[PDB]
Amino acid sequence: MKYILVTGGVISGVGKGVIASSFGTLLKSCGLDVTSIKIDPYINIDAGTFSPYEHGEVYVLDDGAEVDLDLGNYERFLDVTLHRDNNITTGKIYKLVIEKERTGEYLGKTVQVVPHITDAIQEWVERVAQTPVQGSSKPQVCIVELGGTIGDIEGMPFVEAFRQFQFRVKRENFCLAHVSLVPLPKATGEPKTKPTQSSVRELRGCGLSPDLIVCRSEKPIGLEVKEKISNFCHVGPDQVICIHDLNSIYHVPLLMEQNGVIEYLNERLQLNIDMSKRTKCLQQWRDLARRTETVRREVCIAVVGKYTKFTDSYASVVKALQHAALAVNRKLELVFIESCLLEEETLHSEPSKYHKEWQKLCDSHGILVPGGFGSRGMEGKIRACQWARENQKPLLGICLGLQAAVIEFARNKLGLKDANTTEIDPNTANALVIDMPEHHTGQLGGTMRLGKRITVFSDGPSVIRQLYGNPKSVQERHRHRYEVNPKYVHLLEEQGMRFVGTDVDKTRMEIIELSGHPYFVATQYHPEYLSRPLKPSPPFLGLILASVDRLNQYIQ
Amino acid sequence: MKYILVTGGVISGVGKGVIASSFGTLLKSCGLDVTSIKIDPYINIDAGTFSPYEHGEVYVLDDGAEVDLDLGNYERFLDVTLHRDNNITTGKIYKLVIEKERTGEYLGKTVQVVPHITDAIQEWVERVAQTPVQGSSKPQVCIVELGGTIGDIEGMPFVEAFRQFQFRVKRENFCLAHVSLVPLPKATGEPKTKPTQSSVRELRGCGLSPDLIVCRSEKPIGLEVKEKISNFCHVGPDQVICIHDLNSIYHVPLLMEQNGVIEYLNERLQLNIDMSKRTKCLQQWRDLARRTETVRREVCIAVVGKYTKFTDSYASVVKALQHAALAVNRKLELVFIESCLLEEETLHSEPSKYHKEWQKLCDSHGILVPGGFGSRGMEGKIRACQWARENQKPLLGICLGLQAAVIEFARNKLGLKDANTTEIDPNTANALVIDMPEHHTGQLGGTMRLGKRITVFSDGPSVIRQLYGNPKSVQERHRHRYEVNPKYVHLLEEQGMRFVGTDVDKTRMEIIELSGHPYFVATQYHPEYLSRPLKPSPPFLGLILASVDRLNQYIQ
Amino acid sequence: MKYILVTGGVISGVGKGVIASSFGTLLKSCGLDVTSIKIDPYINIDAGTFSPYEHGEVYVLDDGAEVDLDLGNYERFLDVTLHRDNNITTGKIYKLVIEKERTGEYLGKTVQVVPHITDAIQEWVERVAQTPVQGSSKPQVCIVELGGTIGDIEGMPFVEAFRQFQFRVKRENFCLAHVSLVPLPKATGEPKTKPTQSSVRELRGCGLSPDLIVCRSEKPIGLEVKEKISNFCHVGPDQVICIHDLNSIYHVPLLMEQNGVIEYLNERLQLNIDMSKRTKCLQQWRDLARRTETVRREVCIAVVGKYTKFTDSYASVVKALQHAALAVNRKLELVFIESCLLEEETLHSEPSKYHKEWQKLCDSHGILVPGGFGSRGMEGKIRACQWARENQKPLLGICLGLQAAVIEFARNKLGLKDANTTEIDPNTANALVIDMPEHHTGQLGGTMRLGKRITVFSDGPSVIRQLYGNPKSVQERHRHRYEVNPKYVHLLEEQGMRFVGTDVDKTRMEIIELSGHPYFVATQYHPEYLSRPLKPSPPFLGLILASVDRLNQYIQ
Ligand SMILES: Nc1ccn([C@@H]2O[C@H](COP(=O)(O)OP(=O)(O)OP(=O)(O)O)[C@@H](O)[C@H]2O)c(=O)n1
Ligand SMILES: Nc1ccn([C@@H]2O[C@H](COP(=O)(O)OP(=O)(O)OP(=O)(O)O)[C@@H](O)[C@H]2O)c(=O)n1
Ligand SMILES: Nc1ccn([C@@H]2O[C@H](COP(=O)(O)OP(=O)(O)OP(=O)(O)O)[C@@H](O)[C@H]2O)c(=O)n1
Ligand SMILES: Nc1ccn([C@@H]2O[C@H](COP(=O)(O)OP(=O)(O)OP(=O)(O)O)[C@@H](O)[C@H]2O)c(=O)n1
Ligand SMILES: Nc1ccn([C@@H]2O[C@H](COP(=O)(O)OP(=O)(O)OP(=O)(O)O)[C@@H](O)[C@H]2O)c(=O)n1
Ligand SMILES: Nc1ccn([C@@H]2O[C@H](COP(=O)(O)OP(=O)(O)OP(=O)(O)O)[C@@H](O)[C@H]2O)c(=O)n1
Ligand SMILES: [Mg+2]
Ligand SMILES: [Mg+2]
Ligand SMILES: [Mg+2]
Ligand SMILES: [Mg+2]
Ligand SMILES: [Mg+2]
Ligand SMILES: [Mg+2]
């Protein structure tokens with residue numbers, strides 16, 4: 001088992017995740033099995049506490065784990081399926097060790113950070129690196145990405161663990177890549193290597209020695225800066241890799257392959273890649289990165305979102321839209337519309353922003369209501385679903401656009417003008433959405449539907465069955481708690497709201513599709529968790545093909 | 001509230017505990033209320049897992065907590081009663097924070113070491129420093145002793161916490177004392193200040209600045225070494241305190257008062273001691289420290305102990321014996337006798353060590369069987385209790401010498417030759433000791449008798465009632481699980497084994513005293529937890545007064 | 001004597017010189033006597049070895065010292081006269097100590113870096129801080145600017161010296177200001193305080209504690225960044241000073257006075273400024289900084305310079321031009337014309353750049369030939385002087401434009417077509433410029449005319465006498481070696497080349513002024529060494545007033 005550790009230098013927002021993912025993509029293209037581990041030095045255990053407006057985009061693995069979005073980035077770039085243990089945190093390690101000590105399996109000894117916490121870290125890393133992530137074959141390389149910057153208090157147990165680890169796994173199996181900031185004060189316009197010198201000094205002091213240096217700057221750095229860095233950091237000048245700000249993120253593995261990273265890793269980790277097939281063709285990645293700078297025709301999509309700030313709060317959604325638009329060969333223009341600026345309460349307060357938001361929503365080609373874990377701004381979501389329903393505008397709803405869609409449908413098409421949720425307003429005669437928790441053996445009470453579940457379609461006349469390649473079932477990822485009530489599902493089925501897919505027991509409803517409309521569908525699950533750069537997801541594919549009037553042509 | 005933080009320098013075994021305790025003793029003598037906090041950077045939560053041969057001498061507070069022996073040292077030197085929270089560890093802090101995060105009282109934020117763990121440490125320290133330890137009056141100074149050496153990974157959260165803390169409590173209320181090693185290579189016989197320079201550099205880097213430097217050497221250091229240290233560490237030359245190896249530990253507060261520490265603390269922390277009464281007489285401490293170097297007549301006591309190694313494995317016991325001997329005005333010579341080297345199995349293996357151990361046990365004036373948390377070597381304890389019973393040699397048993405004494409009494413005086421425990425050999429018709437756990441409301445099951453409990457004596461003719469000042473009750477500290485069976489307690493009461501004291505409900509037995517013997521008593525509790533330098537404990541007092549034939553004279 | 005030390009943080013080009021000069025300007029305006037010391041950690045002793053294309057603009061003090069240009073910046077901003085010892089370097093200190101040791105005035109002891117080099121540094125600093133720089137009154141504050149970044153090997157003796165020094169001069173007389181880089185990666189657009197945290201940690205470790213933090217960013221930083229910095233660096237949030245990129249350098253003292261630096265220094269150094277007169281009016285500095293952003297009408301000046309690169313290679317010249325243009329109330333547009341691109345050798349090689357350079361020289365309003373210490377490109381200087389002479393374009397020559405002007409005058413007006421220098425081509429019958437070195441008692445041989453010398457004018461009809469306020473003499477600064485030959489000075493005086501000023505002995509010639517021309521003058525000295533922001537120098541004043549046809553109007 002070979003390891004590649006990716007550490008960070010001067011500051012935090014220095015670009016470690018894209019470097020690690022690109023390493024993975026290169027090695028994958030060369031024919032290797034690659035897993036990856038992300039280490040977060042914060043005290044949390046999961047993302048089930050994280051507020052959406054505070055961190056954004058809980059990513060859900062197919063075993064039901066709510067983890068960092070960085071594991072989502074690895075899943076997209078490497079095309080693998082990671083588990084909950086592929087994400088180590090400080091809280092997880094300290095909890096495992098404190099519990100082990102409290103049930104007396106250290107045999108009365110004093111448990112200390114060194115060596116017990118570092119032994120725990122090393123055993124965890126060695127353990128989850130042999131777990132298969134692509135089928136059943138063992139991985140051959142593991143990319144470990146360490147969060148934070150060297151010198152911080154929070155990351156010291158981990159660098160101590162990895163010093164000992166580099167000697168435990170026989171250094172010919174261990175490579176370290178250091179990502180640092182080469183700043184450039186515009187008072188003189190010269191790249192400064194002094195912060196990199198300091199950070200590599202701290203790294204050497206802690207016991208680790210870099211094999212690659214990845215510099216982060218805005219344009220390329222010359223050979224003099226490269227030679228100064230290789231002199232102070234003890235690498236070769238070819239092992240100093242410059243990654244400037246490129247067009248897209250899909251150009252970073254190509255820029256890494258242009259700097260000859262594959263040959264250095266093939267000799268340093270003693271892999272035995274046969275460097276003959278075009279040097280392990282990254283051919284379709286080249287096609288995709290070329291399309292990213294070629295598309296011209298625009299498609300405008302609206303995103304009715306509560307936390308309009310985009311500190312990665314709709315990351316998987318935006319990326320599913322991008323992967324869909326690139327395969328449709330069109331440029332994506334994304335509009336973010338606050339959902340609370342759509343209710344006429346703002347009209348009562350000040351009509352200016354109300355009107356401009358409504359005009360931005362009106363001049364769009366398609367609508368996407370994402371799933372906010374909450375009820376704040378749901379009124380705007382109902383208004384937007386209604387507007388799109390009575391204007392023949394294509395719409396896709398995600399885990400809450402289903403609830404909002406069925407609510408507005410009942411309200412303004414079946415006369416149940418008091419239909420609402422039990423999310424809020426739990427005092428309602430017409431509870432259109434109810435709470436049907438999961439009851440699996442091993443539960444006392446009930447919890448969400450979490451993870452990969454099977455879904456079976458109903459009948460013939462539906463487009464979602466076509467976009468999915470006409471299969472009988474489809475496995476997707478669920479993170480919901482509330483459903484719709486079957487009384488009403490057969491009430492509002494005579495009126496135009498067909499239910500196309502649901503579980504094997506037919507007790508819940510997952511995909512609605514109101515007929516007599518170009519594209520009006522909704523899903524309880526999240527389709528943006530299985531969207532990859534080289535294979536988009538069929539719901540977003542259809543939403544893009546409909547918003548530019550290419551859907552029917554694509555069906556045939 | 002004023003604080004004094006005591007940190008450590010070059011190595012670990014540098015003498016921090018005695019420095020902190022002596023600070024406390026000085027300030028106490030000057031008329032102040034002093035509490036103290038001990039910080040252990042290890043991952044454990046309590047000492048209930050610690051093996052006795054691994055750390056030695058679990059100390060039991062009077063609320064039932066099993067803590068470090070350093071809290072025992074503070075209790076002896078300061079004459080206070082500390083609680084479980086006066087002993088912070090890394091495990092306690094990380095467990096409190098992980099639990100707070102897992103029940104969502106950080107409100108969805110990311111919990112990080114800085115600032116959340118350091119905020120937790122600061123709030124804990126501020127909290128337990130206002131808890132009264134002497135009656136009900138609030139403390140005025142708090143001595144915080146930080147374990148480990150500056151620069152270690154385990155102690156970084158704590159020094160970060162205390163940097164922020166020094167600014168939160170208004171520096172005129174915060175003083176730091178740094179204890180360092182001044183080594184002396186005998187190749188040249190000159191004290192070296194260079195390691196102190198390095199450690200104070202690391203301390204300054206982490207954000208703290210010393211107010212006192214306490215050097216640790218074998219003989220005094222001159223004024224040139226003192227001036228070099230004050231030059232590199234930014235203190236005055238009078239704030240460099242030399243503590244060499246003295247006669248006893250009772251000379252350290254006197255040596256601190258000779259270096260004018262009280263005046264510096266009175267001006268630096270702005271206490272308002274009225275330095276007139278002999279400068280706050282340490283008079284009876286002077287008497288005790290003088291007696292330590294004056295006593296001449298010897299008394300030899302045997303300690304039948306399993307783990308003959310004395311890495312502080314019988315600390316409170318040995319110190320109770322010392323406090324008893326000093327008030328009796330005699331020198332104490334302590335013999336450690338392995339309990340497993342008394343059973344004739346070693347006689348079968350090799351009789352040499354068997355015979356020499358038995359001769360050491362035979363030429364002693366008194367026997368003390370301590371309480372080992374286990375059953376290893378109990379056979380030797382039975383043999384020793386029997387030998388002392390049939391030779392009129394004074395004996396005191398502690399929490400297991402009671403069980404061993406009653407076992408040998410039954411065996412070799414009432415014919416129940418198969419009497420044993422349920423500790424080991426749970427298959428016995430004659431279970432002399434049984435398991436009567438505590439059942440207090442708030443329990444599901446049963447746990448030990450732990451902490452301070454009341455004890456009432458039975459009748460008139462007993463010496464233990466006399467040594468205790470003839471009170472009706474006495475509060476002591478229990479850490480036992482097994483008792484004796486009442487059937488047998490009234491069986492072997494006609495034969496000479498009187499039961500003098502027990503609980504209020506008379507369902508257990510605590511003090512046995514077999515009459516027709518100079519001094520043969522036993523106790524279920526531990527009397528060595530309430531033994532102080534200036535007031536010994538009556539059981540050990542009587543054991544010393546009997547082993548030198550001064551008991552009857554002392555009674556009158 | 002009060003001290004202010006200015007140190008540097010993360011990188012080198014962080015802006016220390018302007019911060020130190022602005023401190024000086026503020027304190028000067030408040031009515032204090034201020035001196036300043038610059039510490040360069042390089043091994044050189046003077047700038048007499050520095051190549052002009054390598055460092056640029058040797059500045060000449062009025063005692064004959066060739067020093068850094070930073071002393072020129074202090075002289076301009078503070079309006080003082082510094083000496084050679086106001087510029088400490090590593091070479092100076094180590095040479096003084098090595099020589100002291102080699103002549104046995106350490107009395108046989110071992111001389112070590114600590115304490116002997118640091119004692120030398122401290123005595124030097126204490127010594128030159130009491131030397132008067134403005135008349136004869138003792139200074140009251142001293143600004144010490146330490147070059148380089150904390151953590152470098154070259155600057156460790158100096159920070160050790162200043163730790164000891166802060167305690168030697170009684171901390172109430174010592175203040176430290178730390179200038180650091182707050183970088184801003186545009187991937188997220190958030191200012192990062194982590195490098196400042198690291199550098200202040202190193203600074204604290206070395207023994208110094210900041211009193212002010214001066215952050216360097218492109219736009220202002222908020223109160224959250226300010227609070228994070230004050231938390232980690234132990235200052236108040238008002239002592240965190242943000243200096244963004246402003247219009248000019250004359251806005252930095254005003255931005256410092258807006259952040260209340262004067263009040264903090266008045267309380268911290270216990271100066272006794274009476275903060276009543278507008279809080280010590282920086283009134284004419286306000287006028288000048290306002291004019292910097294108000295001037296509209298343009299004036300274009302050409303600079304025929306060898307090393308067209310401007311790494312501060314014509315700093316004093318460009319600044320004299322700016323100070324002149326601002327008082328004339330016009331905007332200055334400066335053109336840099338390579339002197340070697342004017343000889344027709346480039347015409348033979350490629351005429352494109354030749355022609356474009358000649359067109360840039362042709363479309364200018366005035367010409368300035370600066371003094372290059374050499375002979376490279378002098379041919380272009382002769383061509384430019386000739387072009388300006390036969391086109392009635394105003395010209396000013398500086399220490400080599402005098403030689404070039406007299407050479408072209410002889411050549412193309414008196415028929416001596418082989419007139420040249422002994423600088424190059426030492427084989428010439430018509431040596432128009434000769435070498436007349438200085439012979440002062442205390443010399444074996446000859447050296448340059450270096451430092452402040454007196455100059456007496458000749459007669460009535462001249463404009464340079466008018467621009468100087470019609471004085472009899474003027475003290476200027478000389479750094480030349482070659483002069484003109486008196487035979488020829490009376491040869492080409494009938495032809496239109498009048499000599500207006502020279503020494504007291506009339507053996508050399510300093511100011512030529514060819515009549516029958518708007519403004520054609522030349523000077524052997526450098527007038528750009530006495531040019532101040534609030535009083536320009538008369539030669540450049542006249543050159544600007546002539547290039548915009550305002551000279552004659554200004555004369556009356
Ligand atoms: N394979 C990846 C990796 C990165 N990202 C996105 O690109 C942005 C920048 O990535 P990253 O390198 O992780 O930036 P930072 O997290 O700010 O830098 P660091 O990890 O060093 O803290 C992130 O929002 C991430 O969602 C992505 O699209 N796909
Ligand atoms: N470990 C080091 C490295 C360099 N220097 C000093 O730093 C100075 C160079 O300044 P700087 O430009 O900041 O260093 P660079 O190596 O050039 O780094 P940068 O890329 O930021 O320019 C030199 O005088 C050198 O003596 C030092 O003292 N200690
Ligand atoms: N008030 C005190 C403090 C110390 N001791 C005893 O003296 C010995 C040495 O004390 P200490 O200073 O704590 O030594 P170390 O623990 O080895 O040093 P450190 O705390 O720095 O690790 C210990 O066994 C302790 O039991 C004591 O009798 N009474
Ligand atoms: N921060 C310091 C302190 C001292 N020195 C050097 O260390 C040498 C002194 O050696 P040493 O005896 O080890 O230092 P001392 O201060 O005397 O420490 P010690 O008490 O161990 O003798 C001197 O040459 C001095 O230049 C140094 O380089 N850096
Ligand atoms: N009072 C001053 C100070 C600075 N300068 C000029 O402004 C430029 C930047 O000044 P400085 O702060 O010294 O920049 P650096 O030298 O690059 O930064 P540092 O001193 O920290 O190395 C320099 O070219 C200098 O000539 C100026 O005009 N007048
Ligand atoms: N001395 C310190 C300071 C901070 N942290 C950790 O650093 C993380 C914060 O990351 P970063 O953003 O890089 O630190 P900031 O203080 O916010 O610095 P910056 O201004 O660059 O954002 C937190 O988890 C905190 O636990 C640490 O380990 N050691
Ligand atoms: Mg990242
Ligand atoms: Mg440099
Ligand atoms: Mg100790
Ligand atoms: Mg020495
Ligand atoms: Mg500078
Ligand atoms: Mg941050």
# chains A, B, ... in the order shown; residues from 1 in each chain; ligands from 1
>>> closest_atom_pairs(of="chain C", to="ligand 4", cutoff="7 Å", atoms="only C-alpha atoms and all ligand atoms", output="CSV")
residue,atom,partner,partner_atom_place_in_ligand_line,distance
C:112,CA,ligand 4,26 (O),4.5
C:113,CA,ligand 4,26 (O),4.3
C:114,CA,ligand 4,26 (O),4.0
C:115,CA,ligand 4,26 (O),6.5
>>> interface_residues(of="chain C", to="chain A", cutoff="10 Å", atoms="only C-alpha atoms", output="PyMOL selection string")
chain C and resi 10-15+149+151-152+181+183-190+192-195+198-199+216-218+245+311
>>> write_last_selection(atoms="N, CA and C atoms", output="compact mmCIF listing (two decimals), in the first residue's frame")
# COMPACT_ATOMS: atom_id res chain seq x y z
N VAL C 10 6.16 39.38 7.69
CA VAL C 10 6.06 38.13 6.95
C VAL C 10 7.04 38.09 5.79
N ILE C 11 7.13 39.18 5.03
CA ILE C 11 7.97 39.27 3.86
C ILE C 11 8.83 40.53 3.99
N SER C 12 9.60 40.81 2.94
CA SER C 12 10.53 41.93 2.98
C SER C 12 9.91 43.21 2.42
N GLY C 13 9.40 43.18 1.20
CA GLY C 13 8.85 44.39 0.62
C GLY C 13 7.51 44.79 1.22
N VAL C 14 7.48 45.00 2.53
CA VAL C 14 6.22 45.18 3.25
C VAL C 14 5.92 46.64 3.59
N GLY C 15 6.86 47.55 3.39
CA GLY C 15 6.58 48.96 3.55
C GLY C 15 7.05 49.59 4.84
N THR C 149 13.35 40.73 7.79
CA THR C 149 12.19 40.13 8.43
C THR C 149 12.62 39.27 9.61
N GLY C 151 13.20 36.41 12.09
CA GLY C 151 13.42 35.01 11.82
C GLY C 151 14.58 34.73 10.90
N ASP C 152 15.02 35.73 10.14
CA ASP C 152 16.20 35.60 9.31
C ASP C 152 17.46 35.46 10.16
N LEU C 181 2.25 41.70 6.91
CA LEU C 181 1.45 41.54 5.71
C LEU C 181 0.19 40.75 6.04
N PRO C 183 -2.31 39.04 3.96
CA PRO C 183 -2.58 38.68 2.57
C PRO C 183 -4.06 38.44 2.34
N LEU C 184 -4.41 38.36 1.06
CA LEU C 184 -5.82 38.26 0.66
C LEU C 184 -5.90 37.44 -0.61
N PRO C 185 -6.12 36.13 -0.48
CA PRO C 185 -6.28 35.30 -1.68
C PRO C 185 -7.63 35.56 -2.33
N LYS C 186 -7.61 35.88 -3.62
CA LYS C 186 -8.84 36.26 -4.30
C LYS C 186 -9.74 35.06 -4.60
N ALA C 187 -9.28 33.84 -4.31
CA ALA C 187 -10.17 32.69 -4.39
C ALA C 187 -11.33 32.82 -3.41
N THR C 188 -11.14 33.54 -2.31
CA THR C 188 -12.19 33.75 -1.33
C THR C 188 -12.33 35.19 -0.86
N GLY C 189 -11.37 36.06 -1.13
CA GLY C 189 -11.52 37.48 -0.82
C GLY C 189 -11.66 37.78 0.66
N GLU C 190 -10.88 37.11 1.50
CA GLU C 190 -10.92 37.32 2.94
C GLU C 190 -9.50 37.57 3.43
N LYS C 192 -6.30 37.31 5.67
CA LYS C 192 -5.79 36.25 6.52
C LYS C 192 -4.80 36.81 7.52
N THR C 193 -5.04 36.55 8.80
CA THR C 193 -4.17 37.01 9.87
C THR C 193 -3.18 35.96 10.34
N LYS C 194 -3.14 34.80 9.72
CA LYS C 194 -2.31 33.70 10.21
C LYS C 194 -0.81 33.96 10.07
N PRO C 195 -0.33 34.53 8.95
CA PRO C 195 1.10 34.88 8.90
C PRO C 195 1.51 35.91 9.94
N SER C 198 2.01 34.03 13.17
CA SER C 198 3.30 33.34 13.20
C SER C 198 4.46 34.30 13.46
N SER C 199 4.46 35.45 12.77
CA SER C 199 5.60 36.36 12.91
C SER C 199 5.64 36.99 14.29
N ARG C 216 -0.68 45.67 6.52
CA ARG C 216 -0.48 46.10 5.14
C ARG C 216 -1.39 45.30 4.23
N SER C 217 -2.36 45.99 3.63
CA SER C 217 -3.36 45.38 2.78
C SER C 217 -3.71 46.37 1.68
N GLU C 218 -4.59 45.95 0.76
CA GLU C 218 -4.92 46.81 -0.37
C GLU C 218 -6.14 47.68 -0.11
N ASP C 245 -3.25 50.86 0.37
CA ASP C 245 -2.58 51.58 -0.71
C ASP C 245 -3.36 52.86 -1.00
N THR C 311 14.36 50.48 -10.69
CA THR C 311 14.38 49.93 -9.34
C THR C 311 15.03 50.96 -8.42
>>> closest_residue(among="A:147, A:24, A:132, A:191", to="ligand 8", atoms="only C-alpha atoms and all ligand atoms")
A:191
>>> residues_near_ligand(ligand="ligand 11", cutoff="10 Å", atoms="only C-alpha atoms and all ligand atoms", output="MDAnalysis selection string")
chainID C and resid 12:20 38 68:71 73 145:148
>>> select_by_dssp(residues="stretch 256-499 of chain B", states="helix (DSSP H, G or I)", output="number ranges by chain")
B: 256-258, 261-268, 283-292, 315-327, 344-349, 351-362, 378-389, 401-414, 463-467, 486-491
>>> closest_residue(among="A:60, A:123, A:306, A:506", to="residue A:449", atoms="only C-alpha atoms")
A:60
>>> select_by_dssp(residues="stretch 171-383 of chain A", states="strand (DSSP E or B)", output="ChimeraX atom specification")
/A:174-181,212-216,240-243,298-305,331-338,366-369
>>> residues_around(residues="residue B:462", least_positions_apart="2", cutoff="9 Å", atoms="only C-alpha atoms", output="VMD selection string")
chain B and resid 459 to 460 464 to 466 500 513 515
>>> write_last_selection(atoms="N, CA, C and O atoms", output="PDB file, in the first residue's frame")
ATOM      1  N   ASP B 459     -19.262   0.462  72.593  1.00  0.00           N
ATOM      2  CA  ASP B 459     -19.322   0.437  74.051  1.00  0.00           C
ATOM      3  C   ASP B 459     -18.052   1.058  74.627  1.00  0.00           C
ATOM      4  O   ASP B 459     -17.272   1.703  73.919  1.00  0.00           O
ATOM      5  N   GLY B 460     -17.847   0.849  75.929  1.00  0.00           N
ATOM      6  CA  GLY B 460     -16.821   1.528  76.688  1.00  0.00           C
ATOM      7  C   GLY B 460     -15.412   0.983  76.537  1.00  0.00           C
ATOM      8  O   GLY B 460     -14.494   1.701  76.130  1.00  0.00           O
ATOM      9  N   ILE B 464      -9.406   2.283  70.768  1.00  0.00           N
ATOM     10  CA  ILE B 464      -9.615   3.140  69.605  1.00  0.00           C
ATOM     11  C   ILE B 464     -10.553   4.287  69.934  1.00  0.00           C
ATOM     12  O   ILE B 464     -10.423   5.384  69.380  1.00  0.00           O
ATOM     13  N   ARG B 465     -11.515   4.062  70.822  1.00  0.00           N
ATOM     14  CA  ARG B 465     -12.347   5.168  71.270  1.00  0.00           C
ATOM     15  C   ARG B 465     -11.528   6.190  72.045  1.00  0.00           C
ATOM     16  O   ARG B 465     -11.801   7.390  71.967  1.00  0.00           O
ATOM     17  N   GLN B 466     -10.509   5.735  72.778  1.00  0.00           N
ATOM     18  CA  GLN B 466      -9.667   6.640  73.552  1.00  0.00           C
ATOM     19  C   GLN B 466      -8.760   7.469  72.656  1.00  0.00           C
ATOM     20  O   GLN B 466      -8.648   8.685  72.834  1.00  0.00           O
ATOM     21  N   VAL B 500     -16.028  -2.860  67.594  1.00  0.00           N
ATOM     22  CA  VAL B 500     -16.112  -1.627  68.360  1.00  0.00           C
ATOM     23  C   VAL B 500     -16.932  -0.563  67.645  1.00  0.00           C
ATOM     24  O   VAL B 500     -17.638   0.210  68.292  1.00  0.00           O
ATOM     25  N   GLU B 513     -11.342  -5.410  67.091  1.00  0.00           N
ATOM     26  CA  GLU B 513     -10.285  -5.242  68.087  1.00  0.00           C
ATOM     27  C   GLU B 513     -10.284  -6.488  68.964  1.00  0.00           C
ATOM     28  O   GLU B 513     -11.106  -6.606  69.877  1.00  0.00           O
ATOM     29  N   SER B 515      -9.383  -8.551  71.904  1.00  0.00           N
ATOM     30  CA  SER B 515      -8.866  -8.276  73.232  1.00  0.00           C
ATOM     31  C   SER B 515      -7.960  -9.411  73.697  1.00  0.00           C
ATOM     32  O   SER B 515      -7.952 -10.509  73.136  1.00  0.00           O
TER      33      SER B 515
END
>>> residues_around(residues="residue C:517", least_positions_apart="3", cutoff="9 Å", atoms="only C-alpha atoms", output="list in words")
residues 389, 392, 393, 394, 513, 514 and 520 of chain C
>>> residues_around(residues="residue B:87", least_positions_apart="2", cutoff="12 Å", atoms="only C-alpha atoms", output="MDAnalysis selection string")
chainID B and resid 35:42 44:47 61 65:72 74 82:85 89:93 121 124:125 128:129 144:147
>>> closest_residue(among="C:215, C:399, C:170, C:110", to="ligand 10", atoms="only C-alpha atoms and all ligand atoms")
C:110
>>> residues_around(residues="stretch 428-436 of chain A", least_positions_apart="3", cutoff="8 Å", atoms="only C-alpha atoms", output="PyMOL selection string")
chain A and resi 403+406-407+416+418-422+425+481-485+488
>>> write_last_selection(atoms="C-alpha atoms", output="short mmCIF file (atom, residue, chain, number, x, y, z; two decimals), in the first residue's frame")
data_model
loop_
_atom_site.label_atom_id
_atom_site.label_comp_id
_atom_site.auth_asym_id
_atom_site.auth_seq_id
_atom_site.Cartn_x
_atom_site.Cartn_y
_atom_site.Cartn_z
CA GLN A 403 -43.46 19.09 -0.72
CA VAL A 406 -47.75 19.12 -3.87
CA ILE A 407 -48.74 21.86 -1.40
CA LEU A 416 -57.79 22.80 0.07
CA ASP A 418 -55.54 25.51 4.23
CA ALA A 419 -53.11 22.79 3.15
CA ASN A 420 -49.71 23.05 4.83
CA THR A 421 -47.04 21.03 6.61
CA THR A 422 -46.46 19.65 10.05
CA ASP A 425 -48.12 25.01 11.55
CA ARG A 481 -38.12 12.82 7.16
CA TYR A 482 -41.56 13.94 5.96
CA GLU A 483 -43.66 12.40 3.20
CA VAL A 484 -47.09 12.95 1.63
CA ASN A 485 -50.27 11.31 2.91
CA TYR A 488 -54.29 12.74 -0.75
#
